[PDB]
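S.K.: Take a look at the following structure, please.
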Amino acid sequence: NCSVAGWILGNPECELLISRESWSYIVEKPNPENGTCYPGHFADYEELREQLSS
Amino acid sequence: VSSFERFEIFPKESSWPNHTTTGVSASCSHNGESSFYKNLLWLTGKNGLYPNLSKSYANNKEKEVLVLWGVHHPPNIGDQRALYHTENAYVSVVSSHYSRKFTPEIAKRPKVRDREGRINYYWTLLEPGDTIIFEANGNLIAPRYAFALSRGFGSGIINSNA
Amino acid sequence: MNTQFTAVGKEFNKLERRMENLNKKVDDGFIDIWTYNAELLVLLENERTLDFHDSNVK
Amino acid sequence: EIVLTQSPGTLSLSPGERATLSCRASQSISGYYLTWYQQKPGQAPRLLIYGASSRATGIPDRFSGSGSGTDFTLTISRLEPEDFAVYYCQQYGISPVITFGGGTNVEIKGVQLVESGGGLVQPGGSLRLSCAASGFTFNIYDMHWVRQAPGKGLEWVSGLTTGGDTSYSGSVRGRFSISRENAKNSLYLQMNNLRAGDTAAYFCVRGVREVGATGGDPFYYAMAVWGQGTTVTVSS
Ligand SMILES: *[C@@H]1O[C@H](CO)[C@@H](O[C@@H]2O[C@H](CO)[C@@H](O[C@@H]3O[C@H](CO)[C@@H](O)[C@H](O)[C@@H]3O)[C@H](O)[C@H]2NC(C)=O)[C@H](O)[C@H]1NC(C)=O
Ligand SMILES: *[C@@H]1O[C@H](CO)[C@@H](O[C@@H]2O[C@H](CO)[C@@H](O[C@@H]3O[C@H](CO)[C@@H](O)[C@H](O)[C@@H]3O)[C@H](O)[C@H]2NC(C)=O)[C@H](O)[C@H]1NC(C)=O
Ligand SMILES: *[C@@H]1O[C@H](CO)[C@@H](O[C@@H]2O[C@H](CO)[C@@H](O)[C@H](O)[C@H]2NC(C)=O)[C@H](O)[C@H]1NC(C)=O
Ligand SMILES: *[C@@H]1O[C@H](CO)[C@@H](O)[C@H](O)[C@H]1NC(C)=O
Ligand SMILES: *[C@@H]1O[C@H](CO)[C@@H](O)[C@H](O)[C@H]1NC(C)=O
């Protein structure tokens with residue numbers, strides 16, 4: 001259910017999963033439920049995703 | 001365009017009592033008689049009485065919205081003190097996604113269409129559900145009218161003398 | 001072909017020259033590829049048409 | 001716009017004296033809203049003070065004022081026989097209507113415009129005036145036509161902003177009509193249905209810098225400059 005915001009930042013309902021050290025590809029849904037619990041602009045979402053393509 | 005139209009987000013009447021609205025300029029003219037852009041407004045004080053502002057809007061129409069505003073740069077200070085009564089400029093045009101502030105001074109510039117002054121123009125889209133706020137100590141151009149729209153696809157632009 | 005309900009053109013300022021020389025390179029690339037492939041296709045197809053006729057009479 | 005009341009319409013005082021003059025209105029009216037003039041009979045008016053405190057160009061320091069709200073005031077630090085004159089009280093209505101005090105005579109005990117066409121008509125008649133400009137940009141400023149009967153309170157006949165919002169008095173409207181030309185650097189006032197109330201000396205007046213232009217002109221919400229005026233009369 002998580003967003004990338006909820007993934008990277010440490011949203012407690014998102015499993016952090018530090019053991020996931022590297023992987024094949026990223027899986028989301030289109031409409032990620034858990035964005036940021038305290039909202040706020042997140043600039044360069046595009047760029048961070050592209051850098052975290054791989 | 002899939003839909004496009006013009007509406008009155010903030011009527012000139014009754015939006016800004018506490019700032020004199022009616023001022024225009026002379027290069028902006030109509031049949032050799034002065035004017036200013038229909039969709040927008042100047043604001044200045046009530047006989048040298050500037051209070052500062054915070055105003056807002058969010059969509060009820062459920063269509064997408066297109067919004068315009070301006071940031072005043074006089075060519076001399078006597079305007080700045082006379083109109084707005086602060087050398088400080090600070091505007092904050094705010095949304096959820098976009099937001100930005102503006103803090104200019106006077107920059108002298110050469111005469112262009114008999115103008116040294118400038119107003120830098122700034123704009124954004126606004127979607128349904130989302131709020132815009134304007135906060136300021138003057139040096140503003142405000143919306144009178146705003147552009148209601150849907151998206152469009154695939155049409156575009158031509159330059160042509162044909 | 002599939003011809004989209006298309007809008008070709010763009011424009012840029014002079015601080016976008018990455019994107020200008022890009023979009024020029026992009027478009028010229030595409031233009032040349034359609035040009036090359038189609039020109040070869042006219043040549044080849046007309047040859048195969050001549051051979052089709054020659055074949056039929058033979 | 002509101003009726004004013006000067007205090008006093010004439011006075012007689014000695015040299016080396018102050019002079020307190022109070023121009024007060026019906027309502028309380030906010031204070032960068034008035035300006036203050038003089039005039040010698042025979043001369044056109046001259047600009048002195050604006051917004052109840054602050055001072056015009058080409059000046060001594062002696063005339064200085066105060067007051068706010070309903071009661072505005074101009075005071076004087078020293079009196080001199082060169083000041084022998086009628087002083088005026090001219091305010092920009094929020095209803096865009098200049099309003100006038102009735103002139104205040106100091107008696108002391110022991111660039112330009114040009115008008116065109118002043119003179120006589122028959123009452124109930126018809127006549128036009130023009131004015132013409134010299135050495136500025138008639139583009140910018142909000143203009144005013146003004147009247148004055150001899151040794152009487154002024155009256156503000158008409159004015160127009162450079163974007164077309166007219167303002168007349170309810171009595172004078174319809175009988176007069178204006179039209180402006182910035183490419184010509186000139187102004188027009190066609191007038192009809194003229195009676196003895198129009199028997200008076202008129203003035204063409206350059207007012208207010210609208211918002212925006214290049215220049216070493218600032219603005220007030222006072223006049224910019226007057227003209228020399230001219231007489232107009234009905235008779236038979
Ligand atoms: C992670 O995502 C879930 C699912 O979106 C979030 O839970 C849901 O959050 C909404 C927020 O509007 C809850 O609705 C609200 O409920 C409260 C009453 O608790 C009410 O005051 C609000 O007006 C609104 O109706 C919704 O009930 C809730 N559902 C569940 C199953 O929890 C959750 O908050 C997200 N957590 C984090 C850490 O991001
Ligand atoms: C809309 O476009 C027209 C055409 O460009 C504008 O009219 C032209 O504006 C130029 C501005 O330089 C005029 O030249 C100037 O004339 C004035 C005297 O009036 C002079 O002071 C300047 O030094 C310069 O020579 C030009 O005459 C004028 N031509 C016409 C036919 O109007 C017009 O201003 C534009 N209007 C708007 C609202 O954008
Ligand atoms: C992802 O979101 C769905 C929302 O559809 C969550 O579904 C809930 O699941 C719990 C049981 O785990 C039920 O009690 C709720 O009634 C369900 N709600 C709905 C709307 O179906 C799901 O739990 C979420 N999963 C994670 C891992 O966050
Ligand atoms: C103007 O300021 C007064 C302060 O007394 C306030 O009552 C009024 O609502 C204000 N109007 C606007 C449009 O801000
Ligand atoms: C206007 O800005 C000044 C600057 O500090 C502030 O003190 C004042 O409260 C502001 N007024 C309003 C109405 O925002």
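In the structure tokens, chains take the letters A, B, ... in the order shown, each chain's residues start at 1, and ligands count up from 1 in the order shown.
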Need the shell around residue 102 (chain B): protein/DNA/RNA residues with any atom at most 8 Å away, counting only C-alpha atoms. Skip same-chain ones fewer than 6 positions apart. Format as a compact mmCIF listing (two decimals) with N, CA, C and O atoms, in the first residue's frame?
M.R.:
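Dumped to selection-v6.txt:
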# COMPACT_ATOMS: atom_id res chain seq x y z
N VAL B 71 3.99 40.69 -10.10
CA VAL B 71 4.94 41.07 -9.06
C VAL B 71 5.55 42.39 -9.47
O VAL B 71 6.29 42.45 -10.46
N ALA B 89 9.38 44.36 0.22
CA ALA B 89 8.46 43.55 -0.56
C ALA B 89 8.49 42.14 0.00
O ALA B 89 9.57 41.58 0.25
N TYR B 90 7.32 41.56 0.22
CA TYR B 90 7.21 40.14 0.50
C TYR B 90 5.81 39.72 0.13
O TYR B 90 4.82 40.23 0.67
N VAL B 91 5.74 38.87 -0.88
CA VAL B 91 4.52 38.22 -1.33
C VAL B 91 4.78 36.74 -1.15
O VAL B 91 5.93 36.31 -1.14
N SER B 92 3.70 35.99 -0.94
CA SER B 92 3.76 34.54 -0.86
C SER B 92 2.52 34.00 -1.54
O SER B 92 1.42 34.07 -0.98
S.K.: Can you pull out every residue with an atom within 12 Å of ligand 3? Use only C-alpha atoms and all ligand atoms and format it as a ChimeraX atom specification.
M.R.: /A:1-3,6-7,11-15,28-29,31-35
S.K.: Can you tell me, as a list in words, what residues are no more than 9 Å from residue 70 (chain D) when counting only C-alpha atoms, ignoring any on the same chain fewer than 2 positions away?
M.R.: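 Contacts, with the query itself left out: residues 23, 24, 25, 26, 27, 28, 29, 30, 67, 68 and 72 of chain D.
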S.K.: Report as a PyMOL selection string which protein, DNA and RNA residues come within 6 Å of ligand 4, using only C-alpha atoms and all ligand atoms.
M.R.: chain B and resi 16-18
S.K.: Can you spit out the residues from that selection as a PDB file, in the first residue's frame, using N, CA, C and O atoms?
M.R.:
ATOM      1  N   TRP B  16     -11.939  43.810  -3.061  1.00  0.00           N
ATOM      2  CA  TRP B  16     -10.972  44.737  -2.468  1.00  0.00           C
ATOM      3  C   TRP B  16     -11.570  46.116  -2.195  1.00  0.00           C
ATOM      4  O   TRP B  16     -11.216  47.100  -2.852  1.00  0.00           O
ATOM      5  N   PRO B  17     -12.482  46.229  -1.222  1.00  0.00           N
ATOM      6  CA  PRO B  17     -12.780  47.560  -0.673  1.00  0.00           C
ATOM      7  C   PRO B  17     -11.578  48.273  -0.090  1.00  0.00           C
ATOM      8  O   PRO B  17     -11.347  49.444  -0.410  1.00  0.00           O
ATOM      9  N   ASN B  18     -10.784  47.595   0.737  1.00  0.00           N
ATOM     10  CA  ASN B  18      -9.747  48.262   1.513  1.00  0.00           C
ATOM     11  C   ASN B  18      -8.489  48.584   0.723  1.00  0.00           C
ATOM     12  O   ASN B  18      -7.502  49.018   1.328  1.00  0.00           O
TER      13      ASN B  18
END
S.K.: Once you count only C-alpha atoms and all ligand atoms, which residues end up within 7 Å of ligand 2, and could you hand them over as number ranges by chain?
M.R.: B: 27-30, 113; D: 183
S.K.: Please check the contacts: residues of chain D at most 7 Å away from chain B, using only C-alpha atoms, listed as number ranges by chain.
M.R.: D: 32-33, 139-140, 162-163, 182, 210-214, 218
S.K.: Up to 12 Å from chain C, what residues of chain B turn up? Count only C-alpha atoms and give them as a VMD selection string.
M.R.: chain B and resid 152 to 159
S.K.: Starting from chain B, keep only residues with some atom at most 10 Å from an atom of chain A, counting only C-alpha atoms, and report them as a list in words.
M.R.: residues 95, 96, 97, 98 and 99 of chain B
S.K.: Residues of the last selection are to be written out with N, CA, C and O atoms, as a compact mmCIF listing (two decimals), in the first residue's frame.
M.R.:
# COMPACT_ATOMS: atom_id res chain seq x y z
N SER B 95 0.36 27.20 -2.81
CA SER B 95 -0.51 26.07 -3.06
C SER B 95 0.10 24.87 -2.36
O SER B 95 1.09 24.99 -1.64
N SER B 96 -0.51 23.71 -2.58
CA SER B 96 0.01 22.49 -2.01
C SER B 96 1.28 22.10 -2.74
O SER B 96 2.35 21.98 -2.14
N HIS B 97 1.16 21.92 -4.05
CA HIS B 97 2.30 21.49 -4.85
C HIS B 97 3.26 22.65 -5.07
O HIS B 97 4.41 22.62 -4.62
N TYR B 98 2.79 23.68 -5.74
CA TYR B 98 3.57 24.87 -6.02
C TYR B 98 3.47 25.82 -4.84
O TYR B 98 2.43 25.89 -4.18
N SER B 99 4.55 26.53 -4.57
CA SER B 99 4.50 27.72 -3.74
C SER B 99 5.78 28.49 -3.98
O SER B 99 6.80 27.92 -4.35
S.K.: Could you tell me how far CA of residue 141 (chain B) sits from atom 2 (O, counted along the ligand's line) of ligand 5, in Å to one decimal place?
M.R.: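 Taking atom 2 (O, counted along the ligand's line) of ligand 5 as the start and CA of residue 141 (chain B) as the end point, the length is 18.1 Å.
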S.K.: Just the residues within 7 Å of residue 229 (chain D), please, counting only C-alpha atoms, with nothing from its chain fewer than 4 positions along; format it as a list in words.
M.R.: residues 115, 201, 202, 203 and 204 of chain D
S.K.: Taking the DSSP secondary structure from the backbone, can you list the residues of region 3-235 of chain D that are strand (DSSP E or B), as a VMD selection string?
M.R.: chain D and resid 4 to 5 10 to 13 21 to 25 34 to 39 41 43 45 to 50 54 to 55 63 to 68 71 to 76 85 to 92 98 to 100 104 to 108 113 to 116 120 to 121 125 to 133 142 to 148 154 to 160 166 to 168 173 176 to 181 186 to 194 200 to 208 225 230 to 234
S.K.: Name the residues, by chain letter and number, that sit within 8 Å of ligand 5 using only C-alpha atoms and all ligand atoms, and give them as a VMD selection string.
M.R.: chain B and resid 51 to 54 136 to 137
S.K.: Generate a file of the selected residues that holds N, CA, C and O atoms, formatted as an mmCIF file, in the first residue's frame.
M.R.:
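The resulting file, result07.cif, is reproduced below:
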data_model
loop_
_atom_site.group_PDB
_atom_site.id
_atom_site.type_symbol
_atom_site.label_atom_id
_atom_site.label_comp_id
_atom_site.auth_asym_id
_atom_site.auth_seq_id
_atom_site.Cartn_x
_atom_site.Cartn_y
_atom_site.Cartn_z
ATOM 1 N N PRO B 51 -3.224 48.482 3.974
ATOM 2 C CA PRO B 51 -3.116 47.279 4.806
ATOM 3 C C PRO B 51 -2.640 46.102 3.977
ATOM 4 O O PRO B 51 -2.787 46.089 2.756
ATOM 5 N N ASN B 52 -2.119 45.085 4.667
ATOM 6 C CA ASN B 52 -1.590 43.897 3.991
ATOM 7 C C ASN B 52 -2.659 42.819 3.978
ATOM 8 O O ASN B 52 -3.615 42.852 4.760
ATOM 9 N N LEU B 53 -2.466 41.847 3.088
ATOM 10 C CA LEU B 53 -3.531 40.953 2.661
ATOM 11 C C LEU B 53 -3.180 39.495 2.866
ATOM 12 O O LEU B 53 -2.018 39.080 2.777
ATOM 13 N N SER B 54 -4.248 38.725 3.070
ATOM 14 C CA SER B 54 -4.252 37.283 2.907
ATOM 15 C C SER B 54 -5.615 36.896 2.360
ATOM 16 O O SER B 54 -6.634 37.166 3.003
ATOM 17 N N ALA B 136 0.410 39.066 1.005
ATOM 18 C CA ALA B 136 1.297 40.115 0.507
ATOM 19 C C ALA B 136 1.295 41.394 1.329
ATOM 20 O O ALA B 136 0.322 41.703 2.029
ATOM 21 N N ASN B 137 2.416 42.124 1.213
ATOM 22 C CA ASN B 137 2.542 43.530 1.571
ATOM 23 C C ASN B 137 2.555 44.469 0.365
ATOM 24 O O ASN B 137 3.207 45.517 0.421
#
S.K.: Could you check the closest approach to ligand 1 for each of A:38, A:44, A:53, A:21 and tell me which residue wins, using only C-alpha atoms and all ligand atoms?
M.R.: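 Going through A:38, A:44, A:53, A:21 one by one, the smallest distance to ligand 1 is for A:38.
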S.K.: Got a sec: who's within 8 Å of residue 108 (chain D), counting only C-alpha atoms, leaving out chain neighbours fewer than 5 positions off, as an MDAnalysis selection string?
M.R.: chainID D and resid 12:15 79:81 83:84
S.K.: I'd like the contact shell of region 153-159 of chain D - 8 Å cut-off, only C-alpha atoms, skipping same-chain residues fewer than 3 positions apart - returned as a CSV table (one decimal) with N, CA and C atoms, in the first residue's frame.
M.R.:
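As a result, selection-v2.csv now contains:
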chain,number,residue,atom,x,y,z
D,97,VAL,N,-15.2,62.5,-7.3
D,97,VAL,CA,-15.8,63.8,-7.3
D,97,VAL,C,-15.0,64.7,-6.5
D,98,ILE,N,-14.4,65.7,-7.2
D,98,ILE,CA,-13.6,66.7,-6.4
D,98,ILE,C,-14.7,67.5,-5.7
D,99,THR,N,-14.4,67.9,-4.4
D,99,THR,CA,-15.3,68.9,-3.7
D,99,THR,C,-14.4,69.9,-3.1
D,100,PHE,N,-15.0,71.1,-2.9
D,100,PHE,CA,-14.3,72.4,-2.8
D,100,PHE,C,-14.9,73.1,-1.5
D,101,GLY,N,-13.9,73.7,-0.8
D,101,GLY,CA,-14.3,74.7,0.2
D,101,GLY,C,-14.4,76.1,-0.5
D,102,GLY,N,-15.1,77.0,0.2
D,102,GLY,CA,-15.5,78.3,-0.4
D,102,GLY,C,-14.5,79.4,-0.4
D,103,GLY,N,-13.2,79.1,-0.3
D,103,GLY,CA,-12.1,80.1,-0.4
D,103,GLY,C,-12.1,80.9,0.9
D,142,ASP,N,-5.2,62.3,-15.1
D,142,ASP,CA,-6.7,62.5,-15.0
D,142,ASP,C,-7.0,64.0,-15.0
D,143,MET,N,-7.9,64.5,-15.9
D,143,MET,CA,-8.1,65.9,-16.1
D,143,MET,C,-9.4,66.3,-15.4
D,144,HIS,N,-9.5,67.6,-15.1
D,144,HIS,CA,-10.6,68.2,-14.5
D,144,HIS,C,-10.9,69.6,-15.1
D,145,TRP,N,-12.2,69.8,-15.4
D,145,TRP,CA,-12.7,71.2,-15.7
D,145,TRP,C,-13.4,71.7,-14.4
D,146,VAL,N,-13.2,73.0,-14.1
D,146,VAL,CA,-13.5,73.6,-12.8
D,146,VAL,C,-14.1,74.9,-13.1
D,147,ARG,N,-15.0,75.4,-12.2
D,147,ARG,CA,-15.5,76.8,-12.2
D,147,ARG,C,-15.3,77.6,-11.0
D,148,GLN,N,-15.6,78.9,-11.1
D,148,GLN,CA,-15.4,79.9,-10.1
D,148,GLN,C,-16.3,81.1,-10.4
D,149,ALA,N,-17.2,81.5,-9.5
D,149,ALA,CA,-17.8,82.8,-9.7
D,149,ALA,C,-17.0,83.9,-9.0
D,166,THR,N,-16.1,58.9,-16.2
D,166,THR,CA,-16.6,60.3,-16.1
D,166,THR,C,-17.0,60.6,-14.7
D,167,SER,N,-16.9,61.8,-14.3
D,167,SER,CA,-17.7,62.3,-13.1
D,167,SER,C,-18.1,63.8,-13.3
D,168,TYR,N,-19.4,64.0,-13.1
D,168,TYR,CA,-20.0,65.3,-13.2
D,168,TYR,C,-20.7,65.5,-11.8
D,169,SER,N,-21.3,66.7,-11.6
D,169,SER,CA,-22.3,66.9,-10.6
D,169,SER,C,-23.7,66.5,-11.3
D,172,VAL,N,-25.1,69.5,-13.2
D,172,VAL,CA,-24.4,70.0,-14.4
D,172,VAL,C,-24.4,68.9,-15.4
S.K.: Which residues come within 12 Å of residue 88 (chain D), counting only C-alpha atoms, excluding same-chain residues fewer than 6 positions away, as a ChimeraX atom specification?
M.R.: /D:4-10,21-23,34-40,45-50,73-74,99-106,148,152-155
S.K.: Okay, now the selection with N, CA and C atoms, as a short mmCIF file (atom, residue, chain, number, x, y, z; two decimals), in the first residue's frame?
M.R.:
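Saved result, part.cif, follows:
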data_model
loop_
_atom_site.label_atom_id
_atom_site.label_comp_id
_atom_site.auth_asym_id
_atom_site.auth_seq_id
_atom_site.Cartn_x
_atom_site.Cartn_y
_atom_site.Cartn_z
N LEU D 4 -18.21 70.25 2.25
CA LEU D 4 -17.20 70.81 3.13
C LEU D 4 -17.67 72.11 3.75
N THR D 5 -16.86 72.61 4.68
CA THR D 5 -17.07 73.89 5.34
C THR D 5 -15.70 74.38 5.77
N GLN D 6 -15.25 75.46 5.15
CA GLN D 6 -14.04 76.13 5.58
C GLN D 6 -14.30 76.95 6.84
N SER D 7 -13.21 77.39 7.47
CA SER D 7 -13.27 78.21 8.66
C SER D 7 -12.01 79.06 8.75
N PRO D 8 -12.09 80.40 8.56
CA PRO D 8 -13.11 81.33 8.04
C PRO D 8 -12.96 81.65 6.56
N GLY D 9 -14.04 82.10 5.92
CA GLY D 9 -13.98 82.51 4.53
C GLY D 9 -13.26 83.82 4.30
N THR D 10 -13.07 84.61 5.35
CA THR D 10 -12.15 85.73 5.28
C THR D 10 -11.67 86.06 6.69
N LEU D 21 -6.56 77.77 10.02
CA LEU D 21 -7.70 77.62 9.12
C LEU D 21 -8.15 76.17 9.13
N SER D 22 -9.45 75.94 9.39
CA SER D 22 -10.00 74.60 9.57
C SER D 22 -11.05 74.33 8.50
N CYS D 23 -10.76 73.36 7.64
CA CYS D 23 -11.69 72.88 6.63
C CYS D 23 -12.17 71.50 7.08
N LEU D 34 -7.16 65.31 0.81
CA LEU D 34 -7.27 66.74 0.58
C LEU D 34 -5.97 67.29 0.03
N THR D 35 -6.10 68.42 -0.65
CA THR D 35 -4.99 69.32 -0.88
C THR D 35 -5.45 70.76 -0.77
N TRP D 36 -4.46 71.64 -0.66
CA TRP D 36 -4.59 73.01 -0.21
C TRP D 36 -3.87 73.95 -1.15
N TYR D 37 -4.58 75.02 -1.54
CA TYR D 37 -4.13 75.96 -2.56
C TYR D 37 -4.17 77.38 -2.02
N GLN D 38 -3.57 78.28 -2.80
CA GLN D 38 -3.77 79.72 -2.70
C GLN D 38 -4.14 80.23 -4.08
N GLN D 39 -4.49 81.51 -4.13
CA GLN D 39 -4.68 82.22 -5.38
C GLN D 39 -4.71 83.71 -5.07
N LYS D 40 -4.02 84.48 -5.91
CA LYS D 40 -4.12 85.93 -5.92
C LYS D 40 -5.21 86.29 -6.93
N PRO D 45 -4.54 79.68 -9.52
CA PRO D 45 -4.16 79.13 -8.21
C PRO D 45 -2.75 78.59 -8.21
N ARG D 46 -2.21 78.39 -7.00
CA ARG D 46 -0.91 77.77 -6.78
C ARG D 46 -1.04 76.72 -5.69
N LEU D 47 -0.23 75.68 -5.80
CA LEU D 47 -0.29 74.53 -4.91
C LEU D 47 0.64 74.70 -3.73
N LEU D 48 0.10 74.40 -2.54
CA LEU D 48 0.84 74.49 -1.28
C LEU D 48 0.97 73.16 -0.54
N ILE D 49 -0.14 72.56 -0.08
CA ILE D 49 -0.07 71.50 0.94
C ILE D 49 -1.00 70.36 0.51
N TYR D 50 -0.70 69.15 0.99
CA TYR D 50 -1.46 67.96 0.66
C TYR D 50 -1.46 66.98 1.83
N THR D 73 -7.22 70.62 8.73
CA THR D 73 -6.74 71.92 9.17
C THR D 73 -5.44 72.21 8.46
N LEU D 74 -5.31 73.44 7.98
CA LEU D 74 -4.02 74.02 7.61
C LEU D 74 -3.79 75.24 8.48
N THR D 99 -14.43 67.91 -4.44
CA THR D 99 -15.26 68.86 -3.72
C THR D 99 -14.39 69.95 -3.10
N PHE D 100 -15.02 71.11 -2.93
CA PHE D 100 -14.34 72.39 -2.77
C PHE D 100 -14.86 73.12 -1.54
N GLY D 101 -13.93 73.68 -0.77
CA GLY D 101 -14.28 74.72 0.17
C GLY D 101 -14.44 76.06 -0.53
N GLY D 102 -15.06 77.00 0.18
CA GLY D 102 -15.48 78.26 -0.41
C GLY D 102 -14.46 79.39 -0.41
N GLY D 103 -13.18 79.07 -0.33
CA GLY D 103 -12.14 80.09 -0.36
C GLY D 103 -12.06 80.86 0.95
N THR D 104 -10.82 81.20 1.33
CA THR D 104 -10.53 81.84 2.61
C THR D 104 -9.55 82.97 2.38
N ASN D 105 -10.04 84.21 2.43
CA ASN D 105 -9.21 85.39 2.21
C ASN D 105 -8.36 85.68 3.44
N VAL D 106 -7.04 85.69 3.27
CA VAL D 106 -6.16 86.42 4.17
C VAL D 106 -6.05 87.84 3.65
N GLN D 148 -15.62 78.87 -11.08
CA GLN D 148 -15.43 79.88 -10.05
C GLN D 148 -16.25 81.10 -10.43
N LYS D 152 -16.34 84.17 -4.96
CA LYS D 152 -17.33 83.19 -4.51
C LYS D 152 -16.64 81.86 -4.28
N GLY D 153 -17.37 80.96 -3.63
CA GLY D 153 -16.94 79.59 -3.56
C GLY D 153 -16.89 78.96 -4.94
N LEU D 154 -15.86 78.15 -5.14
CA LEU D 154 -15.72 77.38 -6.36
C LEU D 154 -16.85 76.36 -6.51
N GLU D 155 -16.94 75.78 -7.70
CA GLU D 155 -17.67 74.54 -7.89
C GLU D 155 -16.94 73.70 -8.93
#
S.K.: Would you work out the distance separating CA of residue 59 (chain D) from CA of residue 92 (chain D), expressed in Å to one decimal?
M.R.: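 It comes out at 23.3 Å.
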S.K.: In Å, rounded to a single decimal, give me how far CA of residue 144 (chain B) is from CA of residue 63 (chain B).
M.R.: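 Taking CA of residue 63 (chain B) as the start and CA of residue 144 (chain B) as the end point, the length is 18.6 Å.
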